[PDB]
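Counting starts at 1 for both ligands and their atoms, in listed order. Convention: sequence-line order gives letters A, B, ...; per-chain numbering from 1.
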Amino acid sequence: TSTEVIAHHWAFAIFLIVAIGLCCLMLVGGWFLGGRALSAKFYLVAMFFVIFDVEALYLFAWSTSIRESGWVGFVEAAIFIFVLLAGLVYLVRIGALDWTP
Amino acid sequence: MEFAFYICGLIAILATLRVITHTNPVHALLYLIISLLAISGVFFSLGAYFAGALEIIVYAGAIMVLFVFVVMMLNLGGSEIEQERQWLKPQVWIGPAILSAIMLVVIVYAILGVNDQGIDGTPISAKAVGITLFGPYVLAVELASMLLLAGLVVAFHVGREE
Amino acid sequence: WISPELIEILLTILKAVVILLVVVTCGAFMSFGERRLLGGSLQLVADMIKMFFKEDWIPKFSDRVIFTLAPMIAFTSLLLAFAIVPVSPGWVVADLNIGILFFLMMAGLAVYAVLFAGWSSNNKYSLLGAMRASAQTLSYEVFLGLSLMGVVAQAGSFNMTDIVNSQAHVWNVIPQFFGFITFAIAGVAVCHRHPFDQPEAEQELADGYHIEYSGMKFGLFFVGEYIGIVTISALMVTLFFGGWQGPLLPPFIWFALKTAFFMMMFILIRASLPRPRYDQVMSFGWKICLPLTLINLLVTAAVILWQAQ
Amino acid sequence: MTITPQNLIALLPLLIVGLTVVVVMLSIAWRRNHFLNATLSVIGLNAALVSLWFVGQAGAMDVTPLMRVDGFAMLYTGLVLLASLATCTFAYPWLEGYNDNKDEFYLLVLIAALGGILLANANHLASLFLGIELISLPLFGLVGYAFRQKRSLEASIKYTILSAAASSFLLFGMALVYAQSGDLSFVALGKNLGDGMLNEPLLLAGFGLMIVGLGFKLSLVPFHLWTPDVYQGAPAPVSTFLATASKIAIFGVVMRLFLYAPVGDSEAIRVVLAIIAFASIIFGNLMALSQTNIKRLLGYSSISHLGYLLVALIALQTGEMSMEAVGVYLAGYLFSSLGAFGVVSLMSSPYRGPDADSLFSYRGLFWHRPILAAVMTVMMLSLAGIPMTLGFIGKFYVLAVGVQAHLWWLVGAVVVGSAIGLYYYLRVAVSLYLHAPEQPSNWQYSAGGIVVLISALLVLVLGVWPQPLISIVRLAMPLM
Amino acid sequence: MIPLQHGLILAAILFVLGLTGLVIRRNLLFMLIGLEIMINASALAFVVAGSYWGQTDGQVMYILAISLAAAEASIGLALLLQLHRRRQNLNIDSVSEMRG
Ligand SMILES: CCCCCCCCCCCCCCCCCC(=O)OC[C@H](COP(=O)(O)OCCN)OC(=O)CCCCCCCCCCCCCCCCC
Ligand SMILES: CCCCCCCCCCCCCCCCCC(=O)OC[C@H](COP(=O)(O)OCCN)OC(=O)CCCCCCCCCCCCCCCCC
Ligand SMILES: CCCCCCCCCCCCCCCCCC(=O)OC[C@H](COP(=O)(O)OCCN)OC(=O)CCCCCCCCCCCCCCCCC
Ligand SMILES: CCCCCCCCCCCCCCCCCC(=O)OC[C@H](COP(=O)(O)OCCN)OC(=O)CCCCCCCCCCCCCCCCC
Ligand SMILES: CCCCCCCCCCCCCCCCCC(=O)OC[C@H](COP(=O)(O)OCCN)OC(=O)CCCCCCCCCCCCCCCCC
Ligand SMILES: CCCCCCCCCCCCCCCCCCCC
Ligand SMILES: CCCCCCCCCCCCCCCCCCCC
Ligand SMILES: CCCCCCCCCCCCCCCCCCCC
Ligand SMILES: CCCCCCCCCCCCCCCCCCCC
């Protein structure tokens, strides 16, 4: 409820509103003005991205509290990263990540 | 923080209602992305900042990308279901709509009558979620890694082309 | 109707509006500088007038909502991702607790620009080019966050002001060097910039997804890309080069100098470094940069926990 | 709380199975070898059994806020590991007939066994949800392993869609329970209630949606319709695993949840589970009456047998030997289903391709497979609750448990359903010995035959002499 | 000052709408979409419950929920691609050869 916090909230709201309005108004002006007269490897890559992004979010949560988690948290994240790297090595070696076989 | 919650919840409800009654897959996925943005706004209104961040990053930003990838890869151009449009015929949707409405009234009756001092909205940071995640929920983290590994292996074994 | 709280609110609102306007005009001037190096403000005014007064023609067999929506994503995604960047003490738009997470949210939304443009542009070659471009940017967004996570691990928070204050003594480019190079690579690849310029150029089955975009939609794509370079450079400065921190100059002068230096470095990277093959790019990403970011985070955590007595 | 070295030695089957998953994956990445990767998987599972011995040498304690290891956990972990080992043994000749990659099968089997171990040790809603999902997703892969075959792909799609819906139901019910009760541990689901206010509407509704998810997973009526389709369409070792290990692990975590939760002795939940048990027994036995397909018949059979087990669960808060009855019945059901689905697997192995039919054709099996016919008729007698078989010992335990708790409708349901079971089980067992007009050579096929023969001998010997099994299940006591 | 009942009711509304979309839609892709709506509603309910009690367990439950949603979405879309490649038809009623 600080005045700095509410001022920054208002500034963020005005930033988003004015930015989206600027883009929309620029397209509106562009439209109104002026006269008139597949392979499955894409799925594989996107699916690998989704899986590795969820494992990335796990590491995202770990990274902000490494000191509070101590060495036992380091050991757990090391097991997590080793399993993730084993899966990555598996995908590379079986040709799943090889774009040109 | 109450106004944000109510408008975002209303936007989410309207968006998924337009998701389930739409014919174009890309339009349905777009309304689904709008619903996920609104639900992340609901998360931010409640103080679950990490949850809203992951809702935009992962749910609206990775999984919906996979859905859009699949839709543009299969090239749905009205394969005998768009021209049929059976889900908007009353004899098809009236049954499940009453069934889901009955389930909604039963669940909502259960929701009411529970003691409720209100959600405070105090932010629960990604710091505390990370502390809990690698503290009392270590096995959840490791076995969730194995779960995502299983999903990876299954989706590779089925979904590859050859 | 005079109160110092309200004066503070409108002063912060004016600061945010000034930051926004400087970012858009600076992206336009980046467009002019790249066009010239490879008056000028009057030339950009003339170009903007031409985009205004040229007829905007949506294709008849194209979905209008998706077609119009893709340039708004290509502009607004990274132009809103700028909002967490602190350019000076007391000159930040939002002091978010999530911060660099908000940058990740905006990049994740930014992939929909290329996907939506390729789908709405009713052309099979444009669709395949969009699939290739989206596969590339997903292949580099897969490690963008972890290359950031090394810095987040050192600072102990997601807040950008806390990251900058943690770079008070030593800038993060020295300890988080591999995070720095991976973030530079992934930030170039996310903005679809050289050497990740045209993934559709490796095949005659693929065409650009900027094709069939004419007028202010093409202008929106161009200015959004250049604004993306501006905000990627500013985030690189605030994450790896102390942000506004410097010995003698005013803080905004140091931030502007570092941002301009990285902008021109991206210009010379486009002008000098050649274009690799598509499979080479995806292989490099998935097989080098992601394990490098994971090992960098592990080593960073071990160093942090070791130096805690 | 943290993880001590004592917590590590209690965690040993989970750690060994996870390390086996990693080692098997790295061996797959190094070179695609069927024999060595199957050997590594079965070595990891046998090492997990010996790890269970080492866990038994340690004490019973809470390894996490999430896991609790006791004799209950050791018993159900051993059951899951035995089912996984038998699935690998049955899977090798069938995969030898396969043409595509045949080691991701073993990776998925190991991950599903890891989920089974987690469900055996699950003391939390977290570990319950995660164990259910870790069972389900590798089974999505395994059910549609031969996706080129039409029936396997159809069973995969049905199981995937319905299990995703069931996991959504279970997760929403968990969320409602957590909304009512501020803790997610099993012991705390209903602690903040008193003076006869155990029937909180939100706690009951959340437990009902969890009942929907768990009753999908246990093939309980009316969440049973997927069972014959997924059983028939899946590969036969996958049918073996889905019949044994998934049901055993999920029913064990349901035992521990209803034993620990203070709302587990709610009258409304007891009446709803009694209705589901009655309907499950009657409906499964009635629906297996006119089946010419052996796998659909075993699916409806699983519906009825899980109804009998649910009857044994209803008396958990009234009698004392409910856990004992569930353990004995689950050992007997495990060995019976292992034998029956193993005969079906051995006669469907090697794989004949996606185009060729995979019909069992059990009529006249004795004239060319006499030992397999004897094993299959021993299983058919055991699943019918015939005395001299272990299935009768389980049925006797269920009947004693129901009689103690005065569950007369359930006891009559068991009697009626048992008579209907007698009809269709004896139809199969006597069709084995009729005459049919018309319609191996490696040690892994012989190993599968040895497995089904040892299952037959175990069923016969423990039906005649059930005291060692009763003594084993009695000392596998959970925390009171 | 937001009631827990309102967040739970919103989650129930979203769950019901997702289940309705899963039932009434004959296209397999829209069934998968309704499944995502259902599991996202469940995760929203867990977040609302955790934010009422002031505990981090709701967001951890959300994290496990979206891990399941990601993995099961990848599996479902692989099965959808296999069905389209085998039959050139996304009809969930046509894949019904197995019957009682
Ligand atoms: C107006 C009518 C409708 C017009 C069209 C729709 C436009 C979008 C409407 C929904 C989004 C904006 C809702 C209004 C938010 C205004 C800001 C606000 O209420 O802030 C309060 C709170 C600040 O945080 P806190 O610190 O807790 O505040 C207490 C004081 N300390 O804030 C918070 O805690 C979080 C605030 C919400 C989270 C950020 C915004 C999420 C936006 C989601 C957009 C979804 C897609 C919308 C699509 C629209 C077109 C269909
Ligand atoms: C065509 C239009 C489509 C829709 C466009 C967007 C619709 C909404 C536009 C209006 C937004 C109104 C203002 C919203 C509130 C801003 C302030 C805010 O969110 O404050 C809450 C919180 C503060 O956190 P903090 O300061 O760290 O802690 C204070 C302690 N209480 O801070 C947070 O929680 C910050 C995190 C939430 C930020 C949300 C930003 C907007 C997201 C939408 C981006 C759209 C991108 C382009 C389209 C994508 C595809 C559709
Ligand atoms: C023979 C008839 C048929 C039997 C079928 C059984 C099927 C399930 C197989 C696994 C069952 C494991 C059950 C373990 C229950 C242990 C309960 C317990 O508390 O045991 C305690 C005891 C040590 O005693 P105590 O001094 O109390 O220790 C604690 C002091 N701190 O600790 C122990 O006693 C340790 C027990 C170790 C068990 C190791 C099992 C190895 C594998 C055996 C497989 C047998 C073959 C079955 C299948 C054949 C092929 C189909
Ligand atoms: C289709 C075939 C199967 C049919 C269904 C299964 C059998 C159904 C039997 C129904 C029995 C109804 C009993 C009604 C009263 C129950 C409550 C009560 O007060 O019971 C009395 C008593 C328990 O009270 P307590 O204080 O412990 O007294 C002990 C001394 N009696 O109770 C006791 O001590 C025990 C009571 C035992 C009751 C009889 C159990 C054996 C039944 C034999 C077979 C069924 C009847 C004959 C066949 C009918 C046609 C098929
Ligand atoms: C006097 C009253 C008091 C005493 C009651 C005592 C009850 C227990 C002892 C008596 C049990 C009587 C059972 C009568 C049916 C015997 C089974 C039978 O007839 O099987 C042969 C028949 C197959 O021959 P078919 O007709 O050619 O086949 C057509 C399908 N292909 O099979 C079929 O057609 C299908 C068989 C279905 C399964 C068997 C029937 C189960 C019926 C319920 C059993 C429990 C009955 C409880 C009491 C009921 C009322 C008396
Ligand atoms: C606070 C200082 C601690 C120093 C010693 C740290 C190392 C000893 C404790 C290790 C605990 C490891 C727990 C790992 C669990 C992995 C579970 C995997 C399941 C598949
Ligand atoms: C590429 C650079 C983008 C910058 C965007 C924001 C511009 C804000 C301008 C602020 C100027 C005043 C800063 C505070 C006073 C200290 C410096 C005084 C001399 C300029
Ligand atoms: C102790 C086990 C009891 C149940 C199993 C029954 C099977 C025993 C072994 C096989 C017996 C085969 C008998 C076949 C007789 C066929 C006669 C045909 C000509 C009249
Ligand atoms: C379609 C198959 C139907 C099978 C029905 C089986 C029913 C068996 C008989 C049940 C009898 C229950 C008697 C209950 C008496 C309770 C008396 C309580 C006194 C306080």
Protein contact to [atom] [nearest heavy atom, distance to 0.1 Å]:
atom: atom 4 (C) of ligand 6; result: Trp71(A) CB, 4.1 Å
atom: atom 19 (C) of ligand 6; result: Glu142(B) CB, 3.8 Å
atom: atom 28 (O) of ligand 5; result: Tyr423(D) OH, 4.1 Å
atom: atom 46 (C) of ligand 5; result: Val416(D) CG2, 5.0 Å
atom: atom 41 (C) of ligand 5; result: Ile420(D) CG1, 4.2 Å
atom: atom 14 (C) of ligand 2; result: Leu16(A) CD1, 4.1 Å
atom: atom 20 (C) of ligand 6; result: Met146(B) CE, 3.9 Å
atom: atom 43 (C) of ligand 2; result: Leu37(B) CD2, 4.4 Å
atom: atom 38 (C) of ligand 2; result: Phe102(C) CE1, 3.6 Å
atom: atom 10 (C) of ligand 2; result: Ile17(A) CG1, 4.3 Å
atom: atom 25 (P) of ligand 2; result: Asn97(C) N, 4.0 Å

- Item | Element-labelled atoms of ligand 6 that are located less than 4.0 Å from some non-hydrogen atom of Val75(A) | 12 (C)

- Item | Proximal atoms of ligand 6 relative to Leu15(D) (non-hydrogen, under 4.0 Å) |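 Numbered from 1, ligand 6 contributes 17 (C), 18 (C).
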
- Task: For ligand 2, find out whether one of its N or O atoms is nearer than 3.5 Å to an N or O atom of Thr76(C).
- Result: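 For ligand 2, there is no N or O atom that lies under 3.5 Å from one belonging to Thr76(C).
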
Under the 4.0 Å line, does any protein heavy atom show up next to [atom]?
atom: atom 5 (C) of ligand 2; value: yes
atom: atom 34 (O) of ligand 5; value: no
atom: atom 23 (C) of ligand 5; value: yes
atom: atom 8 (C) of ligand 2; value: no
atom: atom 17 (C) of ligand 6; value: yes
atom: atom 12 (C) of ligand 6; value: yes
atom: atom 9 (C) of ligand 6; value: no

- Numbered atoms of ligand 5 (with element) below 4.0 Å of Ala419(D), judged on heavy atoms: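 Those of ligand 5 that fall under 4.0 Å from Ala419(D) are 44 (C).
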
- List every atom of ligand 5 that sits less than 4.0 Å from any heavy atom of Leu289(D), numbering the atoms from 1 in the order shown and giving each element.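 By the 4.0 Å cutoff, the relevant atoms are 37 (C).
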
- Message: Please work out, at 4.0 Å between heavy atoms, whether the side chain, the backbone, both, or neither of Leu139(B) comes within that distance of ligand 6.
- Response: side chain

Between [Y] and [X], do the side chains contain a donor N or O and an acceptor N or O under 3.5 Å apart?
X: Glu4(A); Y: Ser2(A); answer: no
X: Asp95(C); Y: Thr161(C); answer: yes
X: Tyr424(D); Y: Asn285(D); answer: yes
X: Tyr308(D); Y: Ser418(D); answer: no

Just which atoms of ligand 2 are under 4.0 Å from any heavy atom in [X]?
X: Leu96(C); result: 27 (O), 32 (O), 35 (C)
X: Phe44(B); result: 34 (O), 36 (C), 37 (C)
X: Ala13(A); result: 13 (C)
X: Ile98(C); result: 36 (C)
X: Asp95(C); result: 26 (O), 27 (O)
X: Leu109(C); result: 46 (C), 49 (C)

- Less than 6.0 Å separating the ring centroids of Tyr59(B) and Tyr62(E)?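 Ring centroids of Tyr59(B) and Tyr62(E) are no less than 6.0 Å from each other.
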
- Query: Are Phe74(A) and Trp71(A) close enough that their ring centers fall under 6.0 Å?
  - Reply: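 Yes.
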
Taking every non-hydrogen atom, the tightest pair across [X] and [Y]:
X: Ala70(C); Y: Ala117(C); result: CB-N, 3.5 Å
X: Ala140(B); Y: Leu66(D); result: CB-CD2, 4.0 Å
X: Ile282(D); Y: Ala413(D); result: CD1-O, 4.0 Å

- Note on the structure: Of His9(A), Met64(B), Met72(C), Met106(C), the one whose closest heavy atom lies nearest atom 29 (C) of ligand 2 is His9(A)

- Out of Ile73(C), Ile33(B), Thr1(A), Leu101(C), whose heavy atom sits nearest atom 48 (C) of ligand 2?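 Selected option, by shortest heavy-atom distance: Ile73(C).
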
On the 0 to 90° scale, with breaks at 30° and 60°, tag the [X]-[Y] ring pair as parallel, tilted or perpendicular.
X: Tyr137(B); Y: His124(D); result: perpendicular
X: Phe12(A); Y: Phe102(C); result: perpendicular
X: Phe50(B); Y: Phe158(C); result: parallel

- Heavy atom of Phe12(A) under 4.0 Å from ligand 2?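 The answer is yes, since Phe12(A) has a heavy atom less than 4.0 Å from ligand 2.
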
- Can you tell me if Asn159(C) has a non-hydrogen atom under 4.0 Å from ligand 2? no

- Message: Among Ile73(C), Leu69(C), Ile66(C), exactly one meets side-chain contact (heavy atoms from CB on, under 4.5 Å) together with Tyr112(C). Which residue is that?
- Response: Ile73(C)

What do we get for [X] next to ligand 2 when only non-hydrogen atoms under 4.0 Å count, side chain, backbone, both or neither?
X: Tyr49(B); value: side chain
X: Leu69(C); value: neither
X: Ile20(A); value: side chain

Heavy-atom side-chain contact between [X] and [Y] under 4.5 Å:
X: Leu110(D); Y: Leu108(D); result: no
X: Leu44(E); Y: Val42(B); result: yes
X: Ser67(E); Y: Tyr58(A); result: yes
X: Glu76(A); Y: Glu142(B); result: yes
X: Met160(C); Y: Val92(C); result: no

- Verdict with supporting geometry, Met106(C) and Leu78(C), side-chain contact (heavy atoms from CB on, under 4.5 Å): CA-CA 6 Å; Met106(C) 292 304 114; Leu78(C) 279 94; 5.7 Å; no

- Query: Residues in salt bridge (charged side-chain N to carboxylate O under 4.0 Å, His left out) with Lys395(D), at least two apart?
  - Reply: none

- Counting only heavy atoms, which portion of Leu422(D) has something under 4.0 Å from ligand 5: side chain, backbone, both, or neither?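 Neither; nothing of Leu422(D) gets under 4.0 Å from ligand 5.
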
- Can you tell me how far OG of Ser69(A) sits from CD1 of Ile131(B), rounded to the nearest 0.5 angstrom?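 Rounded to the nearest 0.5 Å, the CD1-OG separation comes to 6.5 Å.
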
